[PDB]
Structures are given as structure tokens and as C-alpha cells.
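Novice: Submitted below is the structure of interest, expressed as C-alpha cells.
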Amino acid sequence: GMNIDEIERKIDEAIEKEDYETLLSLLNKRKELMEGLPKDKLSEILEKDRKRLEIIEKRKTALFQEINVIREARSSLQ
Amino acid sequence: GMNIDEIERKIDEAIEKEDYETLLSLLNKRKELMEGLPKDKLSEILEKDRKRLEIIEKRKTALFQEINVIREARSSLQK
Ligand SMILES: [Ca+2]
């Protein structure tokens, strides 16, 4: 078993490497440990998750920008 | 400026490197030359363009897959 702090560290690593499938699995592993945490640690993990979500939402808007440039190229190839 | 052969080569280089802004620019430069080309070079270019469309469409689909997994991660984060 990995401890909460060790999964927390892999979660941020996954996010940085833009490895979202691995992130998914870590969050699902973390889901088991969530119910037996003290309230202060839980609240800091949830606060941290807001910041994590800000990171991937910026990555998502960048993917949409790159998709759109390919749409321009596609029109220009046609 | 550059001739058609050099542009076509840089175009394939831009596709490989995911440099779609440079592709756009190169395609604009090519569109000026298109009118003057022989019918044989035009058809060569149209054929290449098909394969090129396949490559960037495959890459656009890959990006959407990333977006789709990202949406799942958000859900799992938003509990
Ligand atoms: Ca992975």
C-alpha cells in the first residue's frame, strides 16, 4: 500500500508529464484512502485539487487552440 | 523566393514537427505558385495533400482523445 503523501506526489508528477490516464488511476486509488483521513489533511488535498484542476484546464484550452490551427491547415489544404 | 519543390519539402517538415503555423504560412506561399504550375505538378501536389490531410486528421483525433481523458480526470477530481 502507498501512503496518501506518496500518491499525492505521483498525482502532481502525472499532471506535470501530462499523463492523464495514469492520473485517473491514481485518483481512483486515492479514492479508497479518502474516507479514513483526518479532516485537516482532507481539506488541504481538496484545496490542492482545485489548483491541479486549474493546471489541466489550461492544458485543455491549449489542446483546443492546437486543434483549431489544424482546422485552419485542413481548410488551407483543401 | 522559394520554388514549389522547396515549399513542398518544408511543408512535409512542418507536418512532422507539428508546426501548424509554419504549415499555414507555407500553404499561403504555395497558393501563389499554384496557378503557374504544369497540370502534372498540380496532380502530384493534390495527391500528396491527401496523405497530408490524413496525417493531421489522425493528430487532431489524438488531441481530442487527450481532451476526453482530461474531462474524465476533472470528474474524478471534482468529487
Ligand atoms: Ca500512462
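Identifiers in this document derive from the order of the C-alpha cells: chains are assigned A, B, ..., residues are numbered from 1 separately in each chain, and ligands are numbered from 1 in order of occurrence.
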Residues contacting ligand 1 - anything with an atom at most 10 Å away, using only C-alpha atoms and all ligand atoms - can you give me those as a PyMOL selection string?

Specialist: chain A and resi 14+17-25

Novice: Residues of chain A within 10 Å of chain B, using only C-alpha atoms, as a ChimeraX atom specification?

Specialist: /A:18-25,27-28,31,46,49-50,52-54,56-57,59-64,66-78

Novice: Limited to C-alpha atoms, could you put the picked residues into a file as a short mmCIF file (atom, residue, chain, number, x, y, z; two decimals), in the first residue's frame?

Specialist:
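The new file again_37.cif reads:
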```cif
data_model
loop_
_atom_site.label_atom_id
_atom_site.label_comp_id
_atom_site.auth_asym_id
_atom_site.auth_seq_id
_atom_site.Cartn_x
_atom_site.Cartn_y
_atom_site.Cartn_z
CA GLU A 18 0.50 15.37 -19.00
CA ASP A 19 -0.15 11.69 -18.29
CA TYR A 20 -3.89 11.74 -17.63
CA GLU A 21 -4.59 8.02 -17.84
CA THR A 22 -2.06 7.43 -15.01
CA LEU A 23 -3.59 10.37 -13.13
CA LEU A 24 -7.03 8.75 -13.48
CA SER A 25 -5.79 5.53 -11.88
CA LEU A 27 -7.19 9.31 -8.21
CA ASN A 28 -9.15 6.04 -8.15
CA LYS A 31 -10.47 7.31 -3.55
CA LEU A 46 -9.23 19.23 -1.81
CA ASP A 49 -7.17 19.60 -6.26
CA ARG A 50 -8.56 22.99 -7.24
CA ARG A 52 -4.49 20.71 -10.05
CA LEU A 53 -7.70 21.27 -11.99
CA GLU A 54 -6.54 24.77 -12.98
CA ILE A 56 -5.20 20.62 -16.65
CA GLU A 57 -7.89 23.11 -17.72
CA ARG A 59 -3.68 22.30 -20.90
CA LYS A 60 -7.15 21.60 -22.29
CA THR A 61 -7.57 25.13 -23.66
CA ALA A 62 -4.16 24.73 -25.36
CA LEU A 63 -5.28 21.47 -26.98
CA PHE A 64 -8.35 23.32 -28.32
CA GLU A 66 -3.85 23.45 -31.47
CA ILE A 67 -6.92 21.62 -32.80
CA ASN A 68 -8.15 24.89 -34.29
CA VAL A 69 -4.87 25.58 -36.07
CA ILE A 70 -5.10 22.10 -37.64
CA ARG A 71 -8.62 23.04 -38.73
CA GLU A 72 -7.13 26.09 -40.47
CA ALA A 73 -4.49 23.92 -42.15
CA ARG A 74 -7.15 21.45 -43.22
CA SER A 75 -9.14 24.28 -44.87
CA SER A 76 -5.95 25.53 -46.48
CA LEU A 77 -5.02 22.02 -47.75
CA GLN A 78 -8.48 21.65 -49.29
#
```

Novice: Among chain A, which residues does DSSP mark as alpha helix (DSSP H) when it is run on the backbone? Keep the chain and numbering as in the structure and answer as a PDB file with C-alpha atoms, in the first residue's frame.

Specialist:
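Result file out16.pdb:
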```pdb
ATOM      1  CA  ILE A   4      -1.578   9.366   0.898  1.00  0.00           C
ATOM      2  CA  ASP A   5       1.536  11.589   0.587  1.00  0.00           C
ATOM      3  CA  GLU A   6       3.154   9.179  -1.887  1.00  0.00           C
ATOM      4  CA  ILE A   7       0.062   9.056  -4.137  1.00  0.00           C
ATOM      5  CA  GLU A   8      -0.239  12.836  -3.798  1.00  0.00           C
ATOM      6  CA  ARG A   9       3.314  13.196  -5.123  1.00  0.00           C
ATOM      7  CA  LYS A  10       2.658  10.836  -8.081  1.00  0.00           C
ATOM      8  CA  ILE A  11      -0.519  12.790  -8.879  1.00  0.00           C
ATOM      9  CA  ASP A  12       1.408  16.051  -9.313  1.00  0.00           C
ATOM     10  CA  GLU A  13       4.070  14.180 -11.295  1.00  0.00           C
ATOM     11  CA  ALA A  14       1.395  12.698 -13.563  1.00  0.00           C
ATOM     12  CA  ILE A  15      -0.118  16.130 -14.132  1.00  0.00           C
ATOM     13  CA  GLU A  16       3.274  17.642 -14.999  1.00  0.00           C
ATOM     14  CA  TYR A  20      -3.886  11.741 -17.631  1.00  0.00           C
ATOM     15  CA  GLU A  21      -4.586   8.016 -17.842  1.00  0.00           C
ATOM     16  CA  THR A  22      -2.063   7.428 -15.013  1.00  0.00           C
ATOM     17  CA  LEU A  23      -3.595  10.374 -13.128  1.00  0.00           C
ATOM     18  CA  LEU A  24      -7.028   8.751 -13.477  1.00  0.00           C
ATOM     19  CA  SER A  25      -5.787   5.533 -11.881  1.00  0.00           C
ATOM     20  CA  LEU A  26      -4.011   7.361  -9.034  1.00  0.00           C
ATOM     21  CA  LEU A  27      -7.188   9.311  -8.211  1.00  0.00           C
ATOM     22  CA  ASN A  28      -9.146   6.044  -8.146  1.00  0.00           C
ATOM     23  CA  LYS A  29      -6.505   4.549  -5.830  1.00  0.00           C
ATOM     24  CA  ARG A  30      -6.652   7.672  -3.673  1.00  0.00           C
ATOM     25  CA  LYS A  31     -10.466   7.310  -3.545  1.00  0.00           C
ATOM     26  CA  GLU A  32     -10.119   4.378  -1.125  1.00  0.00           C
ATOM     27  CA  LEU A  33      -7.867   6.315   1.281  1.00  0.00           C
ATOM     28  CA  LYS A  39     -10.365  16.460   8.325  1.00  0.00           C
ATOM     29  CA  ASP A  40      -7.401  18.881   8.048  1.00  0.00           C
ATOM     30  CA  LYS A  41      -5.465  16.676   5.590  1.00  0.00           C
ATOM     31  CA  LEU A  42      -8.639  16.037   3.568  1.00  0.00           C
ATOM     32  CA  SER A  43      -9.278  19.802   3.279  1.00  0.00           C
ATOM     33  CA  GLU A  44      -5.709  20.512   2.080  1.00  0.00           C
ATOM     34  CA  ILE A  45      -5.960  17.726  -0.516  1.00  0.00           C
ATOM     35  CA  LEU A  46      -9.228  19.233  -1.810  1.00  0.00           C
ATOM     36  CA  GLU A  47      -7.641  22.706  -1.911  1.00  0.00           C
ATOM     37  CA  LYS A  48      -4.716  21.235  -3.823  1.00  0.00           C
ATOM     38  CA  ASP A  49      -7.174  19.597  -6.262  1.00  0.00           C
ATOM     39  CA  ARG A  50      -8.558  22.990  -7.242  1.00  0.00           C
ATOM     40  CA  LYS A  51      -5.024  24.011  -8.239  1.00  0.00           C
ATOM     41  CA  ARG A  52      -4.489  20.706 -10.055  1.00  0.00           C
ATOM     42  CA  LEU A  53      -7.696  21.267 -11.987  1.00  0.00           C
ATOM     43  CA  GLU A  54      -6.542  24.774 -12.976  1.00  0.00           C
ATOM     44  CA  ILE A  55      -3.397  23.188 -14.467  1.00  0.00           C
ATOM     45  CA  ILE A  56      -5.199  20.618 -16.650  1.00  0.00           C
ATOM     46  CA  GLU A  57      -7.891  23.109 -17.720  1.00  0.00           C
ATOM     47  CA  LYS A  58      -5.098  25.330 -19.109  1.00  0.00           C
ATOM     48  CA  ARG A  59      -3.676  22.303 -20.900  1.00  0.00           C
ATOM     49  CA  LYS A  60      -7.148  21.600 -22.291  1.00  0.00           C
ATOM     50  CA  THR A  61      -7.573  25.131 -23.662  1.00  0.00           C
ATOM     51  CA  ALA A  62      -4.161  24.732 -25.356  1.00  0.00           C
ATOM     52  CA  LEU A  63      -5.281  21.470 -26.983  1.00  0.00           C
ATOM     53  CA  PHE A  64      -8.351  23.319 -28.315  1.00  0.00           C
ATOM     54  CA  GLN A  65      -6.064  26.055 -29.725  1.00  0.00           C
ATOM     55  CA  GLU A  66      -3.851  23.449 -31.466  1.00  0.00           C
ATOM     56  CA  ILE A  67      -6.925  21.621 -32.798  1.00  0.00           C
ATOM     57  CA  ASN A  68      -8.152  24.892 -34.294  1.00  0.00           C
ATOM     58  CA  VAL A  69      -4.865  25.585 -36.073  1.00  0.00           C
ATOM     59  CA  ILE A  70      -5.102  22.103 -37.641  1.00  0.00           C
ATOM     60  CA  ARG A  71      -8.623  23.039 -38.726  1.00  0.00           C
ATOM     61  CA  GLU A  72      -7.129  26.095 -40.469  1.00  0.00           C
ATOM     62  CA  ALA A  73      -4.490  23.921 -42.149  1.00  0.00           C
ATOM     63  CA  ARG A  74      -7.145  21.452 -43.218  1.00  0.00           C
ATOM     64  CA  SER A  75      -9.144  24.279 -44.867  1.00  0.00           C
ATOM     65  CA  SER A  76      -5.948  25.528 -46.483  1.00  0.00           C
ATOM     66  CA  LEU A  77      -5.022  22.017 -47.753  1.00  0.00           C
TER      67      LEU A  77
END
```

Novice: Please indicate the distance in Å from atom CA of residue B:29 to atom CA of residue B:15, rounded to one decimal place.

Specialist: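 These two atoms are separated by 15.7 Å.
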
Novice: Need to verify the contact set: stretch 33-40 of chain B, 12 Å, only C-alpha atoms, exclusion of same-chain residues closer than 2 positions in sequence. Can you return it as a PDB file with N, CA and C atoms, in the first residue's frame?

Specialist:
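This went into out-v9.pdb:
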```pdb
ATOM      1  N   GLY B   1      11.765  34.235 -54.312  1.00  0.00           N
ATOM      2  CA  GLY B   1      11.501  33.382 -53.117  1.00  0.00           C
ATOM      3  C   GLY B   1      11.802  31.915 -53.361  1.00  0.00           C
ATOM      4  N   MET B   2      11.147  31.047 -52.587  1.00  0.00           N
ATOM      5  CA  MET B   2      11.309  29.600 -52.721  1.00  0.00           C
ATOM      6  C   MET B   2      10.497  29.092 -53.897  1.00  0.00           C
ATOM      7  N   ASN B   3      11.015  28.073 -54.579  1.00  0.00           N
ATOM      8  CA  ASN B   3      10.250  27.376 -55.622  1.00  0.00           C
ATOM      9  C   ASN B   3       9.315  26.317 -55.023  1.00  0.00           C
ATOM     10  N   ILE B   4       8.410  25.803 -55.853  1.00  0.00           N
ATOM     11  CA  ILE B   4       7.402  24.827 -55.424  1.00  0.00           C
ATOM     12  C   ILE B   4       8.006  23.587 -54.755  1.00  0.00           C
ATOM     13  N   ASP B   5       9.104  23.078 -55.302  1.00  0.00           N
ATOM     14  CA  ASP B   5       9.737  21.880 -54.749  1.00  0.00           C
ATOM     15  C   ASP B   5      10.229  22.120 -53.326  1.00  0.00           C
ATOM     16  N   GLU B   6      10.828  23.283 -53.075  1.00  0.00           N
ATOM     17  CA  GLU B   6      11.335  23.591 -51.738  1.00  0.00           C
ATOM     18  C   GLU B   6      10.190  23.751 -50.734  1.00  0.00           C
ATOM     19  N   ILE B   7       9.111  24.405 -51.162  1.00  0.00           N
ATOM     20  CA  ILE B   7       7.919  24.598 -50.331  1.00  0.00           C
ATOM     21  C   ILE B   7       7.296  23.262 -49.920  1.00  0.00           C
ATOM     22  N   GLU B   8       7.116  22.372 -50.891  1.00  0.00           N
ATOM     23  CA  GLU B   8       6.542  21.048 -50.643  1.00  0.00           C
ATOM     24  C   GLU B   8       7.355  20.261 -49.639  1.00  0.00           C
ATOM     25  N   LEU B  26       3.438  28.358 -45.139  1.00  0.00           N
ATOM     26  CA  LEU B  26       3.946  27.679 -46.322  1.00  0.00           C
ATOM     27  C   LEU B  26       2.836  27.417 -47.339  1.00  0.00           C
ATOM     28  N   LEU B  27       1.649  27.056 -46.857  1.00  0.00           N
ATOM     29  CA  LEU B  27       0.489  26.830 -47.730  1.00  0.00           C
ATOM     30  C   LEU B  27       0.007  28.113 -48.408  1.00  0.00           C
ATOM     31  N   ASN B  28       0.137  29.250 -47.723  1.00  0.00           N
ATOM     32  CA  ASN B  28      -0.166  30.552 -48.322  1.00  0.00           C
ATOM     33  C   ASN B  28       0.824  30.921 -49.414  1.00  0.00           C
ATOM     34  N   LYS B  29       2.100  30.636 -49.169  1.00  0.00           N
ATOM     35  CA  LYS B  29       3.149  30.857 -50.163  1.00  0.00           C
ATOM     36  C   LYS B  29       2.961  29.951 -51.377  1.00  0.00           C
ATOM     37  N   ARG B  30       2.489  28.734 -51.135  1.00  0.00           N
ATOM     38  CA  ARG B  30       2.272  27.782 -52.208  1.00  0.00           C
ATOM     39  C   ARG B  30       1.104  28.191 -53.074  1.00  0.00           C
ATOM     40  N   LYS B  31       0.067  28.762 -52.463  1.00  0.00           N
ATOM     41  CA  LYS B  31      -1.164  29.111 -53.184  1.00  0.00           C
ATOM     42  C   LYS B  31      -0.923  30.149 -54.290  1.00  0.00           C
ATOM     43  N   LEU B  42       0.538  19.825 -60.411  1.00  0.00           N
ATOM     44  CA  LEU B  42      -0.677  20.069 -59.638  1.00  0.00           C
ATOM     45  C   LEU B  42      -1.256  18.777 -59.083  1.00  0.00           C
ATOM     46  N   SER B  43      -1.431  17.790 -59.959  1.00  0.00           N
ATOM     47  CA  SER B  43      -1.939  16.477 -59.569  1.00  0.00           C
ATOM     48  C   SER B  43      -1.024  15.762 -58.575  1.00  0.00           C
ATOM     49  N   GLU B  44       0.291  15.929 -58.722  1.00  0.00           N
ATOM     50  CA  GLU B  44       1.258  15.411 -57.743  1.00  0.00           C
ATOM     51  C   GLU B  44       1.020  16.046 -56.379  1.00  0.00           C
ATOM     52  N   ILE B  45       0.783  17.353 -56.388  1.00  0.00           N
ATOM     53  CA  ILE B  45       0.566  18.105 -55.167  1.00  0.00           C
ATOM     54  C   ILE B  45      -0.768  17.740 -54.509  1.00  0.00           C
ATOM     55  N   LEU B  46      -1.802  17.497 -55.310  1.00  0.00           N
ATOM     56  CA  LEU B  46      -3.112  17.122 -54.773  1.00  0.00           C
ATOM     57  C   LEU B  46      -3.069  15.753 -54.115  1.00  0.00           C
ATOM     58  N   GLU B  47      -2.278  14.854 -54.689  1.00  0.00           N
ATOM     59  CA  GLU B  47      -2.150  13.509 -54.159  1.00  0.00           C
ATOM     60  C   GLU B  47      -1.444  13.549 -52.815  1.00  0.00           C
TER      61      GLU B  47
END
```

Novice: Any idea what the distance is between atom CA of residue A:3 and atom CA of residue A:37?

Specialist: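 Atom CA of residue A:37 lies at a distance of 10.9 Å from atom CA of residue A:3.
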
Novice: Could you state the separation of atom CA of residue A:34 and atom CA of residue B:65 in Å, given to one decimal place?

Specialist: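 Distance reported for this atom pair: 28.5 Å.
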